[PDB]
>>> print(open('work36.csv').read())   # CSV, C-alpha atoms and all ligand atoms
chain,number,residue,atom,x,y,z
A,101,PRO,CA,103.0,45.7,-105.5
A,102,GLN,CA,100.8,45.0,-108.5
A,103,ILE,CA,101.4,47.6,-111.2
A,104,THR,CA,98.9,48.2,-114.0
A,105,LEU,CA,99.9,49.6,-117.3
A,106,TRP,CA,97.3,52.4,-118.0
A,107,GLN,CA,100.3,54.7,-117.4
A,108,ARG,CA,104.1,54.2,-117.9
A,109,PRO,CA,105.3,51.9,-115.0
A,110,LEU,CA,107.7,54.6,-113.7
A,111,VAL,CA,109.4,53.9,-110.4
A,112,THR,CA,112.0,55.5,-108.2
A,113,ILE,CA,115.4,53.7,-108.0
A,114,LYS,CA,118.4,54.5,-105.9
A,115,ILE,CA,121.9,54.2,-107.2
A,116,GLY,CA,125.1,55.6,-105.8
A,117,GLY,CA,123.1,57.4,-103.1
A,118,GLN,CA,120.9,59.3,-105.5
A,119,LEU,CA,117.2,58.9,-106.4
A,120,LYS,CA,116.2,58.6,-110.0
A,121,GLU,CA,113.1,57.7,-112.0
A,122,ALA,CA,113.2,54.6,-114.2
A,123,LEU,CA,110.8,52.6,-116.4
A,124,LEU,CA,110.1,48.9,-115.7
A,125,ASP,CA,110.6,47.3,-119.1
A,126,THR,CA,110.0,43.6,-119.6
A,127,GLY,CA,111.0,44.0,-123.3
A,128,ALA,CA,114.6,44.9,-122.3
A,129,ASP,CA,117.3,42.3,-121.7
A,130,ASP,CA,119.4,44.9,-120.0
A,131,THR,CA,119.2,47.9,-117.7
A,132,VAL,CA,120.3,51.2,-119.3
A,133,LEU,CA,120.6,54.5,-117.5
A,134,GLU,CA,121.2,58.0,-118.7
A,135,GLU,CA,124.7,59.5,-118.3
A,136,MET,CA,126.0,59.3,-114.7
A,137,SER,CA,129.2,58.5,-112.7
A,138,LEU,CA,129.7,54.9,-111.4
A,139,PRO,CA,132.7,53.4,-109.6
A,140,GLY,CA,135.3,51.0,-111.0
A,141,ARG,CA,136.2,49.8,-114.5
A,142,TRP,CA,133.7,49.4,-117.4
A,143,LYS,CA,133.5,47.3,-120.5
A,144,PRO,CA,132.1,48.1,-124.0
A,145,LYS,CA,128.6,47.0,-125.1
A,146,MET,CA,126.6,47.7,-128.2
A,147,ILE,CA,122.9,47.4,-127.6
A,148,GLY,CA,120.1,47.5,-130.2
A,149,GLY,CA,116.8,49.2,-129.7
A,150,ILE,CA,113.9,50.1,-132.0
A,151,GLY,CA,115.8,52.9,-133.6
A,152,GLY,CA,119.2,51.3,-134.1
A,153,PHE,CA,122.4,50.7,-132.1
A,154,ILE,CA,124.1,52.7,-129.3
A,155,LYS,CA,127.4,52.2,-127.5
A,156,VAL,CA,127.2,52.1,-123.7
A,157,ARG,CA,129.5,51.6,-120.7
A,158,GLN,CA,128.9,48.4,-118.9
A,159,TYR,CA,129.4,48.4,-115.1
A,160,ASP,CA,129.0,45.1,-113.2
A,161,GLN,CA,128.0,44.3,-109.6
A,162,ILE,CA,126.4,47.7,-108.9
A,163,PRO,CA,124.1,48.0,-106.0
A,164,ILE,CA,120.7,49.4,-107.0
A,165,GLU,CA,117.4,49.8,-105.2
A,166,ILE,CA,114.2,49.5,-107.2
A,167,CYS,CA,111.0,50.7,-105.5
A,168,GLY,CA,112.8,49.7,-102.3
A,169,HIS,CA,113.8,46.3,-103.4
A,170,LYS,CA,117.6,45.6,-103.3
A,171,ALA,CA,119.5,44.4,-106.3
A,172,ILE,CA,123.1,44.2,-107.3
A,173,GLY,CA,124.0,43.7,-110.9
A,174,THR,CA,124.9,45.0,-114.3
A,175,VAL,CA,124.1,48.5,-115.3
A,176,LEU,CA,124.7,50.1,-118.7
A,177,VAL,CA,125.2,53.8,-119.0
A,178,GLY,CA,124.8,55.8,-122.2
A,179,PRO,CA,122.5,57.9,-124.5
A,180,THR,CA,119.1,56.3,-123.9
A,181,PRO,CA,115.8,58.3,-124.2
A,182,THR,CA,115.0,57.3,-120.6
A,183,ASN,CA,116.2,55.1,-117.7
A,184,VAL,CA,115.0,51.6,-118.3
A,185,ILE,CA,115.1,48.7,-115.8
A,186,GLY,CA,115.5,45.4,-117.8
A,187,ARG,CA,115.0,41.8,-117.0
A,188,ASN,CA,118.4,41.3,-115.5
A,189,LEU,CA,117.3,43.3,-112.5
A,190,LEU,CA,113.5,42.6,-112.7
A,191,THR,CA,114.3,39.0,-112.0
A,192,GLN,CA,116.4,40.0,-109.0
A,193,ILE,CA,113.4,41.7,-107.4
A,194,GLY,CA,111.0,38.8,-108.1
A,195,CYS,CA,109.0,40.5,-110.9
A,196,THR,CA,106.6,38.5,-113.1
A,197,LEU,CA,103.9,39.4,-115.7
A,198,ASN,CA,100.4,38.3,-114.8
A,199,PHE,CA,97.2,38.1,-116.7
B,1,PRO,CA,99.1,32.9,-116.8
B,2,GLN,CA,102.0,34.0,-114.6
B,3,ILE,CA,105.0,34.7,-116.9
B,4,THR,CA,108.6,34.4,-115.7
B,5,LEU,CA,111.2,37.0,-116.8
B,6,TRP,CA,114.1,34.6,-116.8
B,7,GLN,CA,113.6,34.6,-120.6
B,8,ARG,CA,112.1,37.1,-123.0
B,9,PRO,CA,108.3,37.1,-122.6
B,10,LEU,CA,107.4,36.0,-126.0
B,11,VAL,CA,103.8,35.0,-126.9
B,12,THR,CA,101.8,34.2,-130.1
B,13,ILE,CA,99.4,36.8,-131.3
B,14,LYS,CA,96.7,36.4,-134.0
B,15,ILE,CA,96.3,39.5,-136.2
B,16,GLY,CA,95.0,40.2,-139.7
B,17,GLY,CA,94.5,36.4,-140.2
B,18,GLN,CA,98.1,35.7,-139.3
B,19,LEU,CA,100.0,34.1,-136.4
B,20,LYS,CA,103.1,36.0,-135.2
B,21,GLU,CA,105.4,35.9,-132.2
B,22,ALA,CA,105.7,39.1,-130.2
B,23,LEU,CA,107.4,40.5,-127.1
B,24,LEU,CA,105.2,41.6,-124.1
B,25,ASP,CA,106.8,45.0,-123.3
B,26,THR,CA,105.7,47.0,-120.3
B,27,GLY,CA,108.0,49.8,-121.3
B,28,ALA,CA,106.4,50.4,-124.7
B,29,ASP,CA,103.6,52.9,-125.1
B,30,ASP,CA,102.6,51.4,-128.4
B,31,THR,CA,102.4,48.1,-130.2
B,32,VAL,CA,104.7,47.8,-133.2
B,33,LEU,CA,104.9,45.0,-135.7
B,34,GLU,CA,107.3,44.3,-138.6
B,35,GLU,CA,106.0,45.0,-142.1
B,36,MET,CA,102.6,43.5,-142.7
B,37,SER,CA,99.2,44.3,-144.4
B,38,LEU,CA,96.3,45.7,-142.4
B,39,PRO,CA,92.9,46.9,-143.7
B,40,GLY,CA,91.3,50.3,-143.3
B,41,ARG,CA,92.8,53.8,-142.8
B,42,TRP,CA,96.2,54.6,-141.5
B,43,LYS,CA,98.4,57.7,-140.8
B,44,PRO,CA,102.2,58.1,-140.5
B,45,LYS,CA,103.9,58.3,-137.1
B,46,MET,CA,107.5,58.6,-135.9
B,47,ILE,CA,108.2,56.5,-132.8
B,48,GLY,CA,111.3,56.6,-130.6
B,49,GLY,CA,113.4,54.1,-128.7
B,50,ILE,CA,117.0,53.4,-128.0
B,51,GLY,CA,118.9,54.2,-131.2
B,52,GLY,CA,116.5,56.9,-132.5
B,53,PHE,CA,113.2,57.0,-134.3
B,54,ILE,CA,111.6,55.0,-137.1
B,55,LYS,CA,108.6,55.9,-139.3
B,56,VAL,CA,105.6,53.6,-139.0
B,57,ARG,CA,102.0,53.4,-140.3
B,58,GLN,CA,99.4,53.8,-137.6
B,59,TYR,CA,96.2,51.7,-137.9
B,60,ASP,CA,93.5,52.1,-135.3
B,61,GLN,CA,90.7,49.7,-134.0
B,62,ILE,CA,92.5,46.6,-135.1
B,63,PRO,CA,91.3,43.3,-133.5
B,64,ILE,CA,94.1,41.2,-132.0
B,65,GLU,CA,94.3,38.0,-130.0
B,66,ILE,CA,97.0,37.6,-127.4
B,67,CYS,CA,97.5,34.3,-125.6
B,68,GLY,CA,93.9,33.6,-126.3
B,69,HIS,CA,92.7,37.0,-125.1
B,70,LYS,CA,90.8,39.2,-127.5
B,71,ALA,CA,91.5,42.9,-127.6
B,72,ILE,CA,91.2,45.8,-130.0
B,73,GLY,CA,93.7,48.7,-130.3
B,74,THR,CA,96.1,50.8,-132.4
B,75,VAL,CA,98.8,48.8,-134.1
B,76,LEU,CA,101.9,50.4,-135.7
B,77,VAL,CA,103.6,48.7,-138.7
B,78,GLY,CA,107.1,49.4,-139.8
B,79,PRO,CA,110.8,48.5,-139.8
B,80,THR,CA,111.0,47.5,-136.2
B,81,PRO,CA,113.7,44.8,-135.5
B,82,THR,CA,111.2,42.8,-133.4
B,83,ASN,CA,107.5,42.6,-132.8
B,84,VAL,CA,106.5,44.3,-129.5
B,85,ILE,CA,103.2,44.4,-127.7
B,86,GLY,CA,102.9,47.6,-125.8
B,87,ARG,CA,100.8,49.0,-122.9
B,88,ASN,CA,97.9,50.0,-125.2
B,89,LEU,CA,97.0,46.3,-125.7
B,90,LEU,CA,98.5,44.9,-122.5
B,91,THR,CA,96.0,46.8,-120.5
B,92,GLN,CA,93.1,45.3,-122.4
B,93,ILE,CA,94.1,41.7,-121.5
B,94,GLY,CA,94.5,42.6,-117.9
B,95,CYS,CA,98.3,42.3,-117.8
B,96,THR,CA,100.0,43.7,-114.7
B,97,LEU,CA,103.5,43.6,-113.2
B,98,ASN,CA,103.9,41.9,-109.8
B,99,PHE,CA,106.6,41.7,-107.2
C,1,LIG,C1,117.7,42.4,-126.7
C,1,LIG,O1,117.8,43.8,-127.1
C,1,LIG,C2,117.2,44.6,-126.2
C,1,LIG,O2,116.7,44.1,-125.2
C,1,LIG,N1,117.0,45.9,-126.4
C,1,LIG,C3,116.1,46.7,-125.5
C,1,LIG,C4,114.9,47.2,-126.3
C,1,LIG,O3,115.1,48.1,-127.1
C,1,LIG,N2,114.0,46.3,-126.4
C,1,LIG,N3,112.9,46.6,-127.0
C,1,LIG,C5,111.7,46.9,-126.2
C,1,LIG,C6,111.4,48.4,-126.5
C,1,LIG,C7,112.2,49.3,-125.6
C,1,LIG,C8,111.5,50.5,-125.2
C,1,LIG,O4,110.4,50.1,-124.3
C,1,LIG,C9,112.3,51.3,-124.5
C,1,LIG,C10,111.9,52.7,-124.2
C,1,LIG,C11,112.5,53.7,-124.9
C,1,LIG,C12,112.0,55.0,-124.8
C,1,LIG,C13,110.9,55.2,-124.0
C,1,LIG,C14,110.3,54.2,-123.3
C,1,LIG,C15,110.8,52.9,-123.4
C,1,LIG,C16,110.4,56.5,-123.8
C,1,LIG,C17,110.4,57.3,-125.0
C,1,LIG,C18,109.5,57.1,-126.0
C,1,LIG,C19,108.5,56.1,-125.9
C,1,LIG,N4,109.0,54.9,-126.8
C,1,LIG,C20,108.4,53.7,-126.6
C,1,LIG,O5,107.5,53.5,-125.9
C,1,LIG,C21,109.0,52.5,-127.2
C,1,LIG,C22,108.0,51.8,-128.0
C,1,LIG,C23,107.2,52.7,-128.9
C,1,LIG,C24,108.7,50.7,-128.9
C,1,LIG,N5,109.6,51.7,-126.2
C,1,LIG,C25,110.9,51.2,-126.3
C,1,LIG,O6,111.6,51.5,-127.2
C,1,LIG,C26,112.8,46.1,-128.2
C,1,LIG,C27,113.9,45.7,-128.9
C,1,LIG,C28,114.5,44.4,-128.8
C,1,LIG,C29,115.6,44.1,-129.6
C,1,LIG,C30,116.0,44.9,-130.6
C,1,LIG,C31,117.1,44.6,-131.3
C,1,LIG,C32,117.2,43.4,-131.9
C,1,LIG,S1,118.4,43.4,-133.0
C,1,LIG,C33,118.7,45.1,-132.8
C,1,LIG,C34,117.8,45.5,-131.9
C,1,LIG,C35,115.4,46.1,-130.8
C,1,LIG,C36,114.3,46.5,-130.0
C,1,LIG,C37,117.0,47.8,-124.9
C,1,LIG,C38,116.1,48.8,-124.1
C,1,LIG,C39,118.0,47.1,-123.9
C,1,LIG,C40,117.8,48.6,-125.9
C,2,CL,CL,122.9,41.6,-113.9
C,3,CL,CL,94.9,51.8,-128.6
C,4,CL,CL,92.7,47.2,-114.6
>>> encode(input="work36.csv", output="structure tokens", more="lines below")
Ligand SMILES: COC(=O)N[C@H](C(=O)NN(CCC[C@@]1(O)Cc2ccc(cc2)C/C=C\CNC(=O)[C@H](C(C)C)NC1=O)Cc1ccc([C@H]2C=S=CC2)cc1)C(C)(C)C
Ligand SMILES: [Cl-]
Ligand SMILES: [Cl-]
Ligand SMILES: [Cl-]
Amino acid sequence: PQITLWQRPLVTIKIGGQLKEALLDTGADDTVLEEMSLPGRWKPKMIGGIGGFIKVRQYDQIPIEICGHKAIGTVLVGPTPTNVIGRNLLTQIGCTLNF
Amino acid sequence: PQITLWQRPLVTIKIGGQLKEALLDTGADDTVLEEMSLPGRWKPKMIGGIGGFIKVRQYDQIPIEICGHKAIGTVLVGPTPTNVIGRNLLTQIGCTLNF
């Protein structure tokens, strides 16, 4: 699709069998989701946003659908204001910015 | 142009007589720049991201030039850790997401 930006670029993702809404965010290196259960072991990451730093749990090699486009990659989980899909997964689904 | 998301999508903007580098951010409602001077009236605003909120000055109807594209919009100024161009200006230069 071509998504314009008059509204928040909110899409439906699927992860661990469940549908969620997330924000397509080209200003984010990483993908960070609100608290949820994921399988396997996790590593620590500190990520910085506009308001400061938060600790998150890093899960790797997690399958995730993003408006129906299949990706498998690194998902961070922690206290974010919303689910944000970052460049690590945007690149996997062939996203570019165009003007 | 078409802009890849292998790297951070950084562009030069011209604003208030100054050249600055900034991050094209589809996930951002607003445009926020590190501390600088702008002319005319302003009002305080709290904006939120990962980490919490910061207090900024809101200037409206500010001319800006992005990758050679002229627009005019609200610009927020404050202690953001990096310069972000948000949807309020991205729309004006015809910027869309594509995959
Ligand atoms: C490389 O680090 C990152 O990629 N950080 C990422 C990130 O914060 N990058 N930044 C882009 C802005 C992120 C976000 O779009 C993320 C976002 C957060 C909340 C919301 C939407 C989008 C919804 C709630 C309120 C609306 N808030 C906003 O629209 C704000 C804008 C007003 C700034 N939007 C955002 O803050 C800008 C940003 C970049 C770097 C840094 C850091 C550099 S050093 C310490 C921090 C801070 C901010 C992230 C998401 C992984 C934490
Ligand atoms: Cl990844
Ligand atoms: Cl505006
Ligand atoms: Cl349009």
>>> atom_distance(input="work36.csv", atom1="CA of residue 195 (chain A)", atom2="CA of residue 4 (chain B)")
7.8 Å
>>> interface_residues(input="work36.csv", of="chain B", to="chain A", cutoff="8 Å", atoms="only C-alpha atoms", output="JSON, numbers by chain")
{"B": [1, 2, 3, 4, 5, 6, 8, 9, 23, 24, 25, 26, 27, 28, 29, 48, 49, 50, 51, 52, 53, 54, 80, 81, 82, 84, 87, 88, 90, 91, 93, 94, 95, 96, 97, 98, 99]}
>>> atom_distance(input="work36.csv", atom1="atom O2 of ligand LIG 1 (chain C)", atom2="CA of residue 130 (chain A)")
5.9 Å
>>> calpha_fit_and_write(input="work36.csv", fixed="chain B", moving="chain A", output="compact mmCIF listing (two decimals) with C-alpha atoms, in the frame of the given file")
# COMPACT_ATOMS: atom_id res chain seq x y z
CA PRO A 101 99.09 33.14 -116.74
CA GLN A 102 102.03 34.31 -114.65
CA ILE A 103 105.06 34.88 -116.86
CA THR A 104 108.58 35.03 -115.44
CA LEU A 105 111.34 36.87 -117.13
CA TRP A 106 114.32 34.39 -117.13
CA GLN A 107 113.63 34.27 -120.89
CA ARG A 108 112.12 36.86 -123.34
CA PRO A 109 108.30 36.92 -122.65
CA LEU A 110 107.51 35.82 -126.24
CA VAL A 111 103.91 34.99 -127.01
CA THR A 112 101.84 34.04 -130.00
CA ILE A 113 99.36 36.70 -131.27
CA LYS A 114 96.81 36.48 -134.01
CA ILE A 115 96.14 39.30 -136.37
CA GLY A 116 94.33 39.29 -139.67
CA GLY A 117 93.97 35.50 -139.43
CA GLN A 118 97.66 34.82 -139.11
CA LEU A 119 99.78 33.69 -136.13
CA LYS A 120 102.84 35.64 -135.19
CA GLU A 121 105.31 35.81 -132.31
CA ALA A 122 105.50 39.02 -130.28
CA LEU A 123 107.30 40.30 -127.16
CA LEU A 124 105.34 41.57 -124.13
CA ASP A 125 106.98 44.91 -123.41
CA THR A 126 105.89 47.00 -120.46
CA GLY A 127 108.49 49.67 -121.47
CA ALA A 128 106.57 50.40 -124.72
CA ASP A 129 103.71 52.89 -124.93
CA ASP A 130 102.71 51.43 -128.23
CA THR A 131 102.44 48.17 -130.12
CA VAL A 132 104.73 47.90 -133.18
CA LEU A 133 104.76 45.05 -135.64
CA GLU A 134 107.06 44.16 -138.46
CA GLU A 135 105.93 44.88 -142.04
CA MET A 136 102.51 43.37 -142.86
CA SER A 137 99.20 44.21 -144.66
CA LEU A 138 96.30 45.67 -142.57
CA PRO A 139 92.90 46.93 -143.75
CA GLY A 140 91.72 50.54 -144.02
CA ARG A 141 93.46 53.92 -143.87
CA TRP A 142 96.59 54.70 -141.77
CA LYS A 143 98.07 57.76 -140.20
CA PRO A 144 101.75 58.82 -139.72
CA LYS A 145 103.60 58.32 -136.41
CA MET A 146 107.19 58.86 -135.42
CA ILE A 147 108.20 56.71 -132.51
CA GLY A 148 111.46 56.86 -130.52
CA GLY A 149 113.31 53.86 -129.26
CA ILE A 150 116.77 53.31 -127.75
CA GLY A 151 118.48 53.75 -131.05
CA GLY A 152 116.63 56.74 -132.45
CA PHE A 153 113.42 57.47 -134.39
CA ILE A 154 111.46 55.44 -136.99
CA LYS A 155 108.41 56.29 -139.07
CA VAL A 156 105.53 53.81 -138.85
CA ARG A 157 101.98 53.38 -140.19
CA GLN A 158 99.36 53.72 -137.57
CA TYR A 159 96.23 51.55 -137.94
CA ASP A 160 93.39 51.98 -135.40
CA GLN A 161 90.69 49.61 -134.11
CA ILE A 162 92.44 46.41 -135.25
CA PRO A 163 91.36 43.18 -133.77
CA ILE A 164 94.26 41.26 -132.23
CA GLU A 165 94.51 38.16 -130.08
CA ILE A 166 97.30 37.93 -127.53
CA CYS A 167 97.95 34.50 -126.00
CA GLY A 168 94.24 33.95 -126.64
CA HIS A 169 93.05 37.10 -125.06
CA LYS A 170 90.99 39.41 -127.37
CA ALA A 171 91.91 43.00 -127.95
CA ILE A 172 91.01 45.63 -130.45
CA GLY A 173 93.15 48.69 -130.78
CA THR A 174 95.98 50.60 -132.32
CA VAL A 175 98.74 48.85 -134.12
CA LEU A 176 101.84 50.44 -135.65
CA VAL A 177 103.58 48.80 -138.54
CA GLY A 178 107.15 49.52 -139.61
CA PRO A 179 110.91 48.60 -139.35
CA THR A 180 111.18 47.34 -135.77
CA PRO A 181 113.79 44.69 -134.71
CA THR A 182 110.90 42.53 -133.44
CA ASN A 183 107.12 42.54 -132.82
CA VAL A 184 106.46 44.27 -129.56
CA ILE A 185 103.14 44.36 -127.66
CA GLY A 186 102.96 47.71 -125.71
CA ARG A 187 100.87 48.96 -122.89
CA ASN A 188 98.00 50.06 -125.04
CA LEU A 189 97.11 46.44 -125.59
CA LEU A 190 98.60 44.98 -122.33
CA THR A 191 96.02 46.98 -120.47
CA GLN A 192 93.27 45.59 -122.69
CA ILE A 193 94.15 42.04 -121.64
CA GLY A 194 94.37 42.87 -117.91
CA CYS A 195 98.19 42.66 -117.60
CA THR A 196 99.99 43.94 -114.49
CA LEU A 197 103.59 43.69 -113.12
CA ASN A 198 103.91 41.91 -109.81
CA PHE A 199 106.67 41.56 -107.33
>>> atom_distance(input="work36.csv", atom1="CA of residue 142 (chain A)", atom2="CA of residue 157 (chain A)")
5.8 Å
>>> closest_residue(input="work36.csv", among="A:156, A:131, A:146, A:137", to="ligand CL 2 (chain C)", atoms="all atoms listed in the file")
A:131
